[PDB]
Amino acid sequence: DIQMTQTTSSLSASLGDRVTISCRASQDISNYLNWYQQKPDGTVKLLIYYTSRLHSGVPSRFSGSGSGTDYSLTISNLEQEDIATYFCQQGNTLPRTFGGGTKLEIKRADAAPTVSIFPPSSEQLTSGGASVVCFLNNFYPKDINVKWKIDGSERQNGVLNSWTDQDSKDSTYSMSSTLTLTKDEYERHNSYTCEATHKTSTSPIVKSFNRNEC
Amino acid sequence: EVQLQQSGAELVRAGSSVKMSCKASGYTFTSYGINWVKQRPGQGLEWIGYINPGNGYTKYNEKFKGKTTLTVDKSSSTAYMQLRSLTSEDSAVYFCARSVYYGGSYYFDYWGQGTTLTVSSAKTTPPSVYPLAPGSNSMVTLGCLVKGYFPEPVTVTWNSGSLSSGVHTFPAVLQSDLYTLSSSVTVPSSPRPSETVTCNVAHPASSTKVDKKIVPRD
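Residues numbered from 1 in each chain as written, not as in the entry; some residues may be left out. Chains lettered and ligands numbered in written order. Heavy atoms only, no water. Residues with missing side-chain atoms left out of burial classes, pairs and counts.

## Section: the domain arrangement of chain B
Move 1: For chain B, the assigned domains are domain 1 (1–121) and domain 2 (122–217).
Move 2: When each unit is reduced to the centre of its C-alpha atoms, the spacing between domain 1 of chain B and domain 2 of chain B is 37 Å. (Domains from an automatic or database assignment.)

Right, dumping it as structure tokens:
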């Protein structure tokens, strides 16, 4: 049908800034675009309609333009409540399609994660399970790549990650990583490594332990 | 004030079917169309389809038709959506919204709180709280592993809440058809193991509450 593309998943800015998210149509919408705002608590509102330009009860800082294939929402002066996810939507041709959405996020100095490893707990091992966990706390920006190593190599299976939204006091992200094995498998190997690669340096932050040394 | 309250969240075995509610108030229910958008954590809002309450006329988006059926109740001014032959693919949050005209084409000006749908065959089952302690320098990080529980949610606090800052409770993730989550608290080294640092995980569905203490060693 009519694709809807927002080149940017996440957009950074500071309060007081003039923020512009963009949205591109696979074809000519002849000005039938609308803007939706979804706040973290999941609720969605209507900010603008009809090729942008049109409001609803929304504050003046909210502006909007475009035509044909390109269109964009501008928030002339960013305010805390404006931190949400914005989707665009072409109401020209059936079916009605949306845009991946552009989540804003506060700008913070680069930080670098605090990497921590943890061996399986006795209480778990006696169950016959064995999970090695790894926390990469309070880092920014939000892109980070973690890599597991069992006895100097491999390991992709059993690795389940979780990521937290941006913090509200400071604006850092955090990440949980768990590698699940079987007490037997776990016991067949010695060193386990959790390698955190972040743009904050070239050298991966490496934290690990050896069962033999426990 | 135009309002639209949707149904509570739902838990349903796949293959099955469900009918969720969207009740309007504060306006002529018959005068505007109802839409249904679906949202899966993998971002993006899909367009299920539209229904005009007055004529009962409907319009689906080919990818949703057949499994989906949009019906109203002009009497109690309340729109419905019935999803059939469910799968794990349509576990998401479903929104209903009001459609207005304005020159040339419609837009959605009012949404609902949405209803969360979860398609699982699991049944209420307590978690297994596992203490995360360092191995055998100013600040030290501990943790607690909550694994094997169903359904959501779980409440984790440290020392019954006395440790607010420096905590991190990651979203859950789907293990072998069961949930798992982790939480980390950071405290000066003077606090532990000098003092007690404990995690309190609460899993309502099973009416559970477990305090797991973080002791040194393994």
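## Considering the interface of chain B and chain A
Move 1: With 40 residues of chain B at the contact, the number on the chain A side is 44 residues.
Move 2: Of all the secondary-structure elements, those providing two or more residues to the side of chain B that touches chain A are β4 (34–39), β5 (45–51), β10 (107–111), β12 (128–132), β13 (139–149) and β17 (179–188) of chain B.
Move 3: In the side of chain B that touches chain A, the residues fall into 21 nonpolar, 15 polar and four charged. (Contact = heavy atoms within 4.5 Å. Helix = DSSP H or I, 4+ residues; strand = E, 2+ residues; numbered from the N terminus. Nonpolar A, V, L, I, M, F, W, Y, C, P; charged D, E, K, R; others polar.)

## Things to note about the state of the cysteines
Residues and elements named next belong to chain A.
Move 1: Scanning all chains against the criterion turns up four disulfides over all chains.
Move 2: Looking at chain B, its bonded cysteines, counted consecutively from the start of the sequence, adopt the pairing 1-2, 3-4.
Move 3: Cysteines bonded in chain A are numbered consecutively along the chain; their disulfide partners then correspond to 1-2, 3-4.
Move 4: Among the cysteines around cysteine 214, which has no disulfide bond, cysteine 134 carries the closest sulfur, lying 15 Å off. (Disulfide = S-S within 2.5 Å.)

## Remarks on the sheet that holds strand β17 (residues 205–210) of chain A
Residue and element names in this part refer to chain A.
Move 1: The three strands lie next to each other as β13-β16-β17, forming an open sheet whose pairing is antiparallel. Bordering the open sheet on either side are β13 (145–150) and β17, each of which pairs with just one other strand. Strand-to-strand twist in this sheet, taken as the mean axis angle between neighbours without regard to direction, amounts to 15°.
Move 2: Judged from the six bridges that link them, β13 and strand β16 (residues 191–197) form a sheet pairing that is antiparallel. Within β16, the residue paired with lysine 147 across the bridge is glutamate 195. (Pairing = 2+ DSSP bridges. Axes fitted to C-alpha atoms, helices over the stretch in contact; angles between N-to-C directions.)

## Some remarks on the sheet that holds strand β14 (residues 159–163) of chain A
Residue and element names in this part refer to chain A.
Move 1: Spatial ordering of the open sheet is given by β11-β12-β15-β14, a layout of four strands whose pairing is antiparallel. Since the sheet does not close on itself, it has two edges, and those belong to β11 (114–118) and β14, each with one partner. The sheet shows a mean angle of 15° between the axes of neighbouring strands, taken without regard to direction.
Move 2: Here β14 runs beside strand β15 (residues 173–182); their pairing, made up of five bridges, is antiparallel.

## Some thoughts on the domain arrangement of chain A
All names here are of chain A.
Move 1: In terms of domain boundaries, chain A breaks down into domain 1 (1–107) and domain 2 (108–211).
Move 2: Here domain 1 and domain 2 have C-alpha centroids that lie 36 Å from each other.
Move 3: At the interface, six residues of domain 1 touch seven residues of domain 2.
Move 4: Across the domain 1 to domain 2 interface the summed buried area is about 470 Å²; carbon plus sulfur atoms make up 31%. (Buried area = accessible area lost by both parts, 1.4 Å probe.)

## What about the pattern of salt bridges?
Residues and elements named next belong to chain A.
Move 1: As enumerated under the stated definition, the model contains 12 salt bridges over all chains in all.
Move 2: A salt bridge links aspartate 165 to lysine 103; its shortest N-O distance comes to 3.3 Å. Taken together, the residues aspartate 165 in the loop between β14 and β15 and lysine 103 in strand β10 (residues 102–106) connect sequence positions 62 residues apart.
Move 3: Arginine 155 serves as the salt-bridge partner of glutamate 154, at 3.7 Å between the closest nitrogen and oxygen.
Move 4: Under the relative-accessibility criterion, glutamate 154 is labelled partly exposed at 47%.
Move 5: It is possible to trace a salt-bridge network through shared partners that takes in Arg61, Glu81 and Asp82. (Salt bridge = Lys/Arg side-chain N within 4 Å of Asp/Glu carboxyl O. Buried < 20%, exposed > 50% of the residue type's maximum accessible area, 1.4 Å probe, protein only.)

## Some remarks on the pairing of strand β4 (residues 33–38) of chain A
Residue and element names in this part refer to chain A.
Move 1: With six of its six residues buried, β4 lies for the most part within the structure.
Move 2: Neither face of β4 is open: one carries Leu33, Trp35 and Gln37, the other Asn34, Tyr36 and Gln38, and all of them are buried.
Move 3: Across six bridges, β4 lies against strand β8 (residues 85–90) in antiparallel orientation. The residue bridging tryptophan 35 from the neighbouring strand is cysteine 88, located in β8.

## Focus: the environment of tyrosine 140 of chain A
Residue and element names in this part refer to chain A.
Move 1: For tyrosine 140, the position within the fold is in the loop between β12 (129–139) and β13.
Move 2: When its relative accessible area of 1% is taken as the criterion, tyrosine 140 is described as buried.
Move 3: On a C-alpha basis, the gap between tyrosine 140 and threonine 51 in space is 35 Å, while along the polypeptide they are 89 residues apart.
Move 4: Among the polar contacts listed, one links the side chain of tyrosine 140 to the side chain of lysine 107, at a separation of 3.3 Å. (Polar contact = N/O pair within 3.5 Å; in protein donor to acceptor, adjacent residues only side chain to side chain.)

## Looking at unusual backbone geometry
Move 1: The step from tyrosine 140 of chain A to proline 141 of chain A runs through a cis peptide bond, and the omega angle for that step is 0°.
Move 2: Take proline 141 of chain A: it is sitting in the loop between β12 and β13.
Move 3: Residue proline 151 of chain B is reached from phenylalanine 150 of chain B by a cis peptide bond, and omega for that bond is 0°.
Move 4: Among the secondary structure elements, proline 151 of chain B is positioned in the loop between β13 and β14 (155–158).
Move 5: Of note in this structure, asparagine 138 of chain A is not a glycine but carries a positive phi near 50°.
Move 6: Within the secondary structure layout, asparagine 138 of chain A lies in strand β12.
Move 7: Phi is positive for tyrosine 102 of chain B, which is not a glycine, with a value near 45°.
Move 8: Tracing the sequence through the fold places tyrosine 102 of chain B in the loop between β9 (92–100) and β10.

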